[PDB]
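Structure first, then comments.
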Amino acid sequence: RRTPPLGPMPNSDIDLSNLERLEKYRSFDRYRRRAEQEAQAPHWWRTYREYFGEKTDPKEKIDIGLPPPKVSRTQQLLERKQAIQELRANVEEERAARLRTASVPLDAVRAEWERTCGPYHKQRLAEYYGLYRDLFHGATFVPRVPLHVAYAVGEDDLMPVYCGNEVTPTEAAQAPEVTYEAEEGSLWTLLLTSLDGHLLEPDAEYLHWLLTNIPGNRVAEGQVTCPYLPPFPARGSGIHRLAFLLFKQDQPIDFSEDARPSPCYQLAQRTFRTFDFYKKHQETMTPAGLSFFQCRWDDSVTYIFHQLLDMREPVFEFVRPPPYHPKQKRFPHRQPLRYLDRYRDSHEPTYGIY
Amino acid sequence: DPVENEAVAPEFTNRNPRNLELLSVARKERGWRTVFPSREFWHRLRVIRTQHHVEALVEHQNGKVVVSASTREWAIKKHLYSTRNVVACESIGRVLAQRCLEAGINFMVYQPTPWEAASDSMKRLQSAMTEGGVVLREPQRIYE
Amino acid sequence: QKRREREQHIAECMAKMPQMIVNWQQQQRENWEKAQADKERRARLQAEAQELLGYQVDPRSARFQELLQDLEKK
Amino acid sequence: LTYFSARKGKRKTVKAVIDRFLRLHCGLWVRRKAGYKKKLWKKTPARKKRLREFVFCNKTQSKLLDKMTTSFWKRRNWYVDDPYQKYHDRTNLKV
Amino acid sequence: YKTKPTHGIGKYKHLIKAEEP
Amino acid sequence: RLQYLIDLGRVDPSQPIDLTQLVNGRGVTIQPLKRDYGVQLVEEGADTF
Amino acid sequence: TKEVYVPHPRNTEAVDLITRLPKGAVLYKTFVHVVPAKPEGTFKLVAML
Amino acid sequence: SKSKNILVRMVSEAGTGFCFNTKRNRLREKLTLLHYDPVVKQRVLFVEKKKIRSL
Amino acid sequence: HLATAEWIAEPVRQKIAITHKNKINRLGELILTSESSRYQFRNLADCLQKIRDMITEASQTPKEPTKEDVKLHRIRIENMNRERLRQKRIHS
RNA sequence: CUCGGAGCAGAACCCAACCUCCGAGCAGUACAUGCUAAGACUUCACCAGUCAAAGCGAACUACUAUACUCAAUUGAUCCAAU
Ligand SMILES: [K+]
Ligand SMILES: [Mg+2]
Ligand SMILES: [Mg+2]
């Protein structure tokens, strides 16, 4: 019995007639490159991607961010070509590149990167960390506005918050320094949330900081809707991820319903879901910036539960499933003597009635 | 008598993809012994160098790309005489290491071929990544 | 007493092992060197033939080995 | 087997079973592997590892070995510091 | 499997020159 | 077992308890012909004892 | 499943075969997988200090 | 069935008394290996003492 | 209670409230559990012996370079790389 | 007269004839071919045989290394030697 293929087979296009007059591969890297192309294509037969691939929806994730900038490609391309000619004309750059002693300045690469393609990288990174999925239920946005956050540790040092770098609760005990480029007359809204910190509800999040109606770049002038509260990742709970969200307001907004007392050491008021927050303010508010870090437990977290929150520190533990053992049989034929220890609860001798 | 803030659930739900990778208890995709390359990793450094450019990628075993560094982007191209030379490869590692620390990526495997590993351009890209603080071997998974 | 004498004999022979291993490692490289040198000698004997292959290819090597032995005796 | 001896009129015990097997009070019989001291230079460590393991016997074997031995070898003993003391009783066994 | 539509997907020797001394 | 024998009066704790008093109270059953050398006091039931 | 077969470069017999294939051909082979059912573990509350 | 090789007994030099049997070619000098000695829990030199049989 | 307890040397109490700080509750008590036996006797004996081991480690003053744990080797790399991301104020 | 491969036996397993063909009774490289241990296959019984995660201990930053290549490459109990 035979069934006809449900579609074109892999190597059908090849002509077998002039098999001696066909370009071969001749190399392993040239076959490997074609083999990766056909591995990332849809097929009618069963594939590893079907059973393990991360399922996605056909509905393209909507964009809720700011519009892109408008740039003249022709005038841009012209300036870039000219600069390369000048750089290549210098014989000292040719000699350094031939002797393998040249190097690029890492500080200038990052300043231009943050302007051109940093937002798209930060977006790709946030999708990997699962921020859009949890915060906005799949909706995406490009962070057009670079958000520079940094925690003051001591009097001379700074711990920069980028996109997933580790930061301790000891360094994050006091509010950070937030700077971002904005025009005069604009209104913004900052926000800090713990996606994984919640102790009771999985889906919910804790609100750590909320500043509303910020004029321009001056963060202090902004109203303090929710005071700063340091992260308190429980012990044995893993690594958490806190996100700084920057919204661009179109007009002055009233956050009376989202207001929280000063201080707010109750975890039921701190509870907060970003999706609902933005959904009722999406008409007048738009996401513009993003930054996040990862946090573990340290000794300072015990000071937060005891003193600030006036509660007992919860301690978790990673527990694994109990090992599998087949059903014990009366005559375990050919099994070693230690077969009986696998079904034994206690290790101390028993004596029964005696 | 009871307290509201002491209401904690018995089981803790952490939704962070890297929580178990960073605790070294997340399972690696073992297998694939008769083919190349392997899959028993969490993050992988993949280098793509064309006739004109050089590209380095850090991607997860699931396929997603975490961070990247290419000579196609103006930021790096405006400072290089040649995008296809050894210097470019050495400079792509200095830029990628700086971006992997910011993302939080400190370990990753590198699966080169015998001729790629012996090349002076790949020897300088690894040295540049290590000098940046990235380790080219992942820690062993914890099973017990 | 028997458990003490044996524990000392074991601790008395392990004090020489670090040096014994080194001396043994040297002998291996010494003997290993001869293997590489022996191959070179054989290759030279073939070049002396100068592509004059045939039945008289085995005995030619024997003639020259005898010469090497004479040099060692002297 | 001798079912009725000519002097006592009682069943005898086969002493070839007593020199090879051990009976746990539960009814299990433990033995060695045939060939755990033969030609170890041509066998692998994995094969040698499972050759020096003490294994159990099946129902048919254990029923035979119980017929080839008398009741004296099925009694509960309380030897001092016996290595098999914990194996003389089953735990969490159903059916 | 012979009855399945994806039978013969692993065939490779018809793409190679017949080299049989 | 020992505490059970004492709560029922089968072994009196007011006098020294030896191997004979245990047998007379049917607390143990010694088989000297079966290479028995006595009784071993085990720790089972130590908490309630 | 049916997946694309890429041999290891050290393996000479298989690498001497793909270098003789026409450009555009790809080799396929049948692979068997195990899709895990249970997670590595769970975080459980064990104490309130 | 020409006996090309033989089975020999390699004895440790640490005096532990641990020994193992290995196969070596007949026309060859006595072996001096560096095998693991479980008694002292580290690699130690061994030496051929006596031949067991002819393979 | 660790501090109130006066049958331990003063410097030891401070040395014990740092090492075994994860076994101390909010009130200040040092808790020691053990469930490795059926008999309450043996379980208590294990807990008591843990205290005798705490008072010895704190008094021995051991400062020898013990072996590093394998689970703690990636945290040493993580911390090291978290210090080179640290920056100084432009104008201090 | 024992063992292994192929056909008969086309596609899970199994399948005979004093049926049709080809072979085996080794060799070579290592000297961690060290210890231990979940879970499994099994020549239609038993005996025997086989594959193995984790772990200890090593090795390691190159070696498709962490159960060597190799198809079969073989012999129970008692007993003897030690
Ligand atoms: K949670
Ligand atoms: Mg069977
Ligand atoms: Mg293993």
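Scope of the values below: all heavy atoms of this structure, side chains included, with no hydrogens, waters or symmetry mates. Chain naming here is simple, since letters A, B, ... match the order of the sequence lines and numbering starts at 1 in each.
J:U77 and J:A9 have their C1' atoms separated by 39 Å, with the value rounded to a whole Å. J:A32 sits 13 Å from J:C60 when the P atoms are compared, rounded to a whole Å. Nucleotides J:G49 and J:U73 have their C1' atoms positioned 16 Å apart, rounded to a whole Å. Rounded to whole Å, the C1' atom of J:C22 lies 48 Å from the corresponding atom of J:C56. If you take atom P in J:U42 and the same atom in J:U69, they sit 23 Å apart, rounded to whole Å. Taking the P atom of each, J:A53 and J:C3 are spaced 31 Å apart, rounded to whole Å. Comparing the P positions of J:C44 and J:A17 gives an interatomic distance of 14 Å, to the nearest angstrom. Taking atom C1' in both J:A30 and J:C68, one finds a spacing of 7 Å when rounded to whole Å.
At the heavy-atom level, G:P7 lies nowhere under 4.0 Å from the strands shown. Residue-level contact check: H:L45 touches neither bases nor backbone, having no heavy atom under 4.0 Å from any strand. E:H7 comes within 4.0 angstrom of nothing in the nucleic acid, heavy atoms only. Among the protein residues, H:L34 comes within range of the sugar-phosphate backbone only, with heavy atoms under 4.0 Å from sugar or phosphate atoms but none that close to a base. B:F36 comes within contact range of no nucleotide atom at all, as no heavy-atom separation falls under 4.0 Å. Contacts of A:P323 with the nucleic acid, taken as non-hydrogen atoms under 4.0 Å apart, are absent. Note on D:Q61: only backbone sugar-phosphate atoms sit closer than 4.0 angstrom, heavy atoms only; bases stay farther off. Nucleic acid contact for D:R47: sugar-phosphate only, since backbone atoms but no base atoms lie under 4.0 Å from a heavy atom of the residue. When heavy atoms are screened at a 4.0 angstrom cut-off, H:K23 is found touching base atoms of the nucleic acid. Counting non-hydrogen atoms under 4.0 angstrom, B:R30 reaches the backbone sugars and phosphates but no base.
When the pucker is read from the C1'-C2'-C3'-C4' torsion, the sugar belonging to J:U61 turns out south, on the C2'-endo side. Judged by the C1'-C2'-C3'-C4' torsion, the sugar of J:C18 sits on the south side, since the angle is negative. Nucleotide J:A67 shows a negative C1'-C2'-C3'-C4' value and thus a south, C2'-endo-like sugar.
Atom-to-atom distance recorded for A:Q335:CD and D:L28:CG is 12.0 Å, nearest 0.5 angstrom.
Residues G:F31 and A:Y48 place their aromatic rings such that the two centres sit no closer than 6.0 Å. Aromatic pair A:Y51/G:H33: centroids not less than 6.0 angstrom apart. With ring centers used as reference points, B:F107 lies 6.0 Å or more from B:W42.
Under 3.5 Å, the side chain of G:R10 and the base of J:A65 form no donor-acceptor pair of N or O atoms. In this model, no side-chain donor or acceptor of B:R33 finds a partner on the base of J:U64 within 3.5 Å. Put simply, the side chain of H:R43 and the base of J:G57 share no donor and acceptor less than 3.5 Å apart. For J:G49, the base has no donor-acceptor partner in the side chain of D:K33 [N/O atoms by modelled type, under 3.5 angstrom].
The salt bridge (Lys or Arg N to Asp or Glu O under 4.0 Å) search around D:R32 returns none, not counting sequence neighbours. Shown here are the side-chain hydrogen bond (donor to acceptor under 3.5 Å, both in side chains) partners of A:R338, two or more places apart in sequence or in another chain: D:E53.
When the nearest nucleotides of RNA chain J are assigned to H:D37 and H:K2 by heavy-atom distance, the more 5′-ward of the two goes with H:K2. Mapping E:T3 and H:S3 onto RNA chain J by nearest heavy atom places E:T3 at the nucleotide closer to the 5' end.
Taking only side-chain atoms of A:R338, from C-beta outward, the nucleotide of J:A37, J:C47, J:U33 with the closest atom is J:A37. Taking only side-chain atoms of E:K2, from C-beta outward, the nucleotide of J:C60, J:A11, J:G57 with the closest atom is J:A11. Checking J:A30, J:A76, J:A38 against the side-chain heavy atoms of H:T22 singles out J:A30 as nearest. Each of J:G28, J:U33, J:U36 was ranked by its minimum atom distance to the side chain of D:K49; first place goes to J:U36. Of the candidates J:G39, J:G55, J:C31, J:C31 carries the atom nearest the H:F20 side chain, counting heavy atoms from C-beta on. Side chain of D:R50, nearest nucleotide from J:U50, J:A32, J:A76: J:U50. Nearest to the side-chain atoms of B:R137 among the listed nucleotides J:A48, J:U61, J:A32 stands J:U61. Taking only side-chain atoms of E:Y1, from C-beta outward, the nucleotide of J:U50, J:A62, J:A12 with the closest atom is J:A12. Closest to the side chain of D:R52, from the set J:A48, J:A62, J:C35, is J:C35.
Contact annotation: H:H35 reaches the phosphate of J:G34 (side-chain N/O to OP1 or OP2, under 4.0 Å). For the pair A:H333 and J:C47, the criterion of a side-chain N or O lying under 4.0 Å from OP1 or OP2 is met. Considering only side-chain N and O atoms, H:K4 lies under 4.0 angstrom from the phosphate OP1 or OP2 of J:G28. Taking side-chain N and O atoms only, A:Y339 has no distance below 4.0 Å to OP1 or OP2 of J:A37. Phosphate proximity of J:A48 to A:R334: present, with a side-chain N or O under 4.0 Å from OP1 or OP2. The shortest distance between the side-chain N/O atoms of A:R342 and the OP1/OP2 oxygens of J:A37 is not below 4.0 Å. In terms of phosphate contacts, H:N5 brings a side-chain nitrogen or oxygen within less than 4.0 Å of OP1 or OP2 of J:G28. Between D:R31 and the phosphate of J:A48, there is a side-chain N or O to OP1/OP2 separation shorter than 4.0 Å.
Around the CD atom of C:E30, the shell of radius 6.0 Å holds more than 12 heavy atoms that belong to other residues, nucleotides or ligands.
When both pairing distances are held under 3.5 Å, J:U82 makes no Watson-Crick or G-U pair with any nucleotide shown. Within the shown strands, J:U2 is the pairing partner of J:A24 under the Watson-Crick or G-U definition, both distances less than 3.5 Å. The nucleotide J:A30 finds no pairing partner, because no Watson-Crick or G-U wobble arrangement with both distances shorter than 3.5 Å includes it. The partner of J:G75, taking Watson-Crick or G-U wobble pairs whose two distances both stay under 3.5 Å, does not exist in any strand shown. Remark: J:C35 base-pairs with J:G55. Criterion, Watson-Crick or G-U wobble with two distances under 3.5 Å.
Base orientation of J:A17: syn (glycosidic angle within 90° of 0). Shown here, J:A27 is classed anti by the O4'-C1'-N9-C4 or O4'-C1'-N1-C2 angle, which is more than 90° from 0.
The salt bridge (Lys or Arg N to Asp or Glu O under 4.0 Å) test with B:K28 singles out one residue from B:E40, B:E138, B:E21, and that residue is B:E138.
With its ring centre under 5.5 Å from that of the base six-membered ring and a plane angle below 30°, G:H8 counts as stacked on J:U64. For the pair B:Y143 and J:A54, the ring geometry does not qualify as stacking, because the centroid separation below 5.5 Å and plane angle under 30° are not jointly satisfied.
Judged on ring centres (limit 5.5 Å) and ring planes (limit 30°), J:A67 and J:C68 do not form a stacked step.
Between B:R44 and B:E59 a salt bridge is recorded (basic side-chain N to carboxylate O distance below 4.0 Å). Salt bridge present: B:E90 and B:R124 bring a charged side-chain N and a carboxylate O closer than 4.0 Å.
For the residue pair D:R31 / D:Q61, no side-chain donor-acceptor distance below 3.5 Å is found, with atom types taken as modelled.
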